[PDB]
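Letters A, B, ... are given to chains in the order of the sequence lines, protein chains preceding strands, and every chain is numbered from 1. Atoms considered below: every heavy atom in the structure, side chains included; atoms not considered: hydrogens, waters and symmetry mates.
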Amino acid sequence: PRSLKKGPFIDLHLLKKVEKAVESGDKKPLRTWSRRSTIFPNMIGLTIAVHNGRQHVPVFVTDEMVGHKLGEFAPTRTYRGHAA
Amino acid sequence: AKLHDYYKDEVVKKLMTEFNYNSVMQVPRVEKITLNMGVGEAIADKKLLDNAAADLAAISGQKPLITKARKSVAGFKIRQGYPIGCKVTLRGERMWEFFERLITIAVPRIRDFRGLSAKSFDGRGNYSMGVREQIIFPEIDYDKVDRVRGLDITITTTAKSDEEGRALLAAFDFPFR
Amino acid sequence: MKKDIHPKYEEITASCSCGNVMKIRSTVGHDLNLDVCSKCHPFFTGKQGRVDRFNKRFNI
Amino acid sequence: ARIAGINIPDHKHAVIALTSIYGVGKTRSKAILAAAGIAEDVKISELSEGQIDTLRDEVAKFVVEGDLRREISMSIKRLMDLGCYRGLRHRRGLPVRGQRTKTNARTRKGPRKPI
RNA sequence: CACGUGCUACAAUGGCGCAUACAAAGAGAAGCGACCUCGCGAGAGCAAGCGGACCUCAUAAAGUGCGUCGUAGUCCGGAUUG
Ligand SMILES: [K+]
Ligand SMILES: [K+]
Ligand SMILES: [K+]
Ligand SMILES: [Zn+2]
């Protein structure tokens, strides 16, 4: 995991968007490709659509989700089982 | 003895106030405690039932009564009159001594004890609980235990309802989650 | 009680770490030393997130 | 003899015997013994009841047995409820730490299941 | 799910603890980095030396002595998961 001294990593563009959305009010889901960005407390109650490589997957941030990367909640590979 | 003395000295007064009972006879009493072991494995081996009986005897302090199948059951591969369990009925002094031992020593010795369910009343004020391991009872020796045997304990009460039953047990500070 | 069919049942002294001593009838016969009892057991005594975690670890 | 609601082996040395407790490994076992002032080589049978009580106090400091199991269960449950990648791996009974699944992964998957 | 090539084991000709011997070959400047301090540790800070038979990587390990474990799914194994 990222060293504590470096602090949590977030893409600047996502941070700006989140701040604007929080200030604005309840907003349409934010569309981001930043799967690597850590989920922050301010994000809670916001819906962020995270790219999974082919589509943006809506994620409603919750308190438990905080401290996890956005990509964790958007699955990249599709598998419905062999011989299914 | 002590718990019986406690019942008369304290429990009656607390219950009388709580339920506004007209008479002392109205106050719920612990009629009996029945300890049962269902030894299905006995059908394969007779000795297992004997060992279970010996364990129940040590815990109860009383020789157990062997129970036998009421009717033949294909599912369990049992025929009527085949011994498949043992029980002891505890009354009076022996009951109160067991009740004390259970609350004071055995229940604490239960692994990962987080309290007993208060929803285990049968609807008529009688409380049933299961013991997963005979080890909890101090009389049983961990070193000499051939097999882990559980038992089911039922406390029969003169309580008309579950609320009266739970109150009676609560008065004795029976552990409840 | 019937005679000669029951286990011997005599008063024994049970001692605990908390120091509670109880004299009870039992088939055990020998005096018992107990790790725990009703008096000292945590349940009886009553002795028995992410947002906060984030703030503590990553306070800026 | 009886610590943390379990029976530790009397014949074994204390350092080994303590590891029988869930949540106690060799390191914690050594730490507990050092705090209790009991030598690692000493057998549990040899220890006095007072010595056993000191051990019990030391064990109480660490989360162990049922309490630990509850914590572990909650942590896994949280992940599965979250629906995070790790949670999904727990649900499917597949490796959670990015190991290969094309071959191996038998510990998580279990015995090979013929097509 | 099937196969190939490996690694680690299933222990006592071993495991673990402590103490203590004996190599070769090689690499290094957006590099090798000592010492000292700090951290259980991975490391961190500070900071020599060395473009090298000079300084650094860098500890050889098996071994040996002593102690312990005593044939157990173990003081074997170290997968898996928090
Ligand atoms: K352990
Ligand atoms: K993978
Ligand atoms: K390999
Ligand atoms: Zn006590």
**Prompt:** Does E:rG51 fall in syn (glycosidic angle within 90° of 0) or anti?
**Reply:**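 Glycosidic conformation of E:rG51: syn.
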Which value, in whole Å, describes the distance between the [atom1] atoms of nucleotides [N] and [M]?
N	M	atom1	answer
E:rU5	E:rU56	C1'	38 Å
E:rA29	E:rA24	P	25 Å
E:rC38	E:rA30	P	33 Å
E:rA58	E:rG78	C1'	29 Å
E:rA72	E:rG14	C1'	14 Å
E:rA11	E:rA53	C1'	46 Å
E:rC54	E:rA9	P	37 Å
E:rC75	E:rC32	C1'	41 Å

**Prompt:** Across the strands shown, which category fits D:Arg69 at heavy-atom distances under 4.0 angstrom: base, sugar-phosphate, nothing?
**Reply:**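 Answer is nothing: D:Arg69 stays at 4.0 Å or more from every strand.
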Check [X] against [Y] and note the closest heavy-atom contact, atom names and distance.
X	Y	result
D:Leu55	D:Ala36	CD2-CB, 3.6 Å
A:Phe9	A:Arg36	CE2-NE, 3.5 Å
B:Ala42	B:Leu49	CB-CB, 3.7 Å
D:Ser48	D:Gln51	N-OE1, 2.8 Å

Taking atom [atom1] as the centre, does [X] end up with more than 12 heavy-atom neighbours from other residues, nucleotides or ligands that are less than 6.0 angstrom away?
X	atom1	result
A:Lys6	NZ	no
C:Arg57	CZ	yes
C:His30	NE2	yes
D:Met74	CE	no

**Message:** Less than 6.0 angstrom separating the ring centers of B:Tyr6 and B:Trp96, yes or no?
**Reply:**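 No.
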**Message:** If you take the centroid of each ring, where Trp contributes its six-membered ring, are B:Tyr127 and B:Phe176 closer together than 6.0 Å?
**Reply:**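 Centroid distance B:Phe176-B:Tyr127: below 6.0 Å, so yes.
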**Message:** Check this one for me: any side-chain N or O of D:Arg86 less than 4.0 Å away from OP1 or OP2 of E:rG82?
**Reply:**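 Looking at the OP1 and OP2 atoms of E:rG82, one of them is under 4.0 Å from a side-chain N or O of D:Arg86.
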Going strictly by the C1'-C2'-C3'-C4' torsion (positive north, negative south), how would you label [N]?
N	result
E:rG65	north
E:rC54	south
E:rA58	south
E:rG73	south
E:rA12	south

**D:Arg2 NZ/CZ over B:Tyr142 ring centroid, <6.0 Å and within 45° of normal** =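 Here D:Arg2 fails the 6.0 Å and 45° test against B:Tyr142.
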**Message:** Parallel, tilted or perpendicular, judged at 30° and 60°: which one describes the rings of A:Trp33 and A:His56?
**Reply:**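 Answer is perpendicular, since the angle exceeds 60°.
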Please tabulate, one pair per line, each protein N/O and nucleotide N/O from nucleotides 75-77 of chain E that are separated by under 3.5 Å, including the distance.
residue : atom : partner : partner atom : Å
E:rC75  : OP2  : D:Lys12 : NZ           : 3.0

Does the [N] / [M] combination count as a Watson-Crick or G-U wobble pair, both distances under 3.5 Å?
N	M	answer
E:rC36	E:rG45	yes
E:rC38	E:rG43	yes
E:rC32	E:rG49	yes
E:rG6	E:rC40	no
E:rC35	E:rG52	no

**Message:** Near RNA chain E, counting only heavy atoms under 4.0 Å, which residues of residues 97-115 of chain D show up?
**Reply:**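 D:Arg97, D:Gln99, D:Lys102, D:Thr103, D:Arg106, D:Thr107, D:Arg108, D:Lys109, D:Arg112, D:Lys113, D:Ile115, in order of number.
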**Message:** Give the residues of residues 71-80 of chain D touching RNA chain E, defined as any heavy atom closer than 4.0 Å, sorted by residue number.
**Reply:**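 Under 4.0 Å from RNA chain E: D:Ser75, D:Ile76, D:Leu79.
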**Message:** Which residue is it: A:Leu30, A:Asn42, A:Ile44, A:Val18? I am looking for the one with a side chain to side chain contact (heavy atoms under 4.5 Å, CB included) to A:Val61.
**Reply:**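 Per the side chain to side chain contact (heavy atoms under 4.5 Å, CB included) rule, the option paired with A:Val61 is A:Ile44, out of A:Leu30, A:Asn42, A:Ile44, A:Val18.
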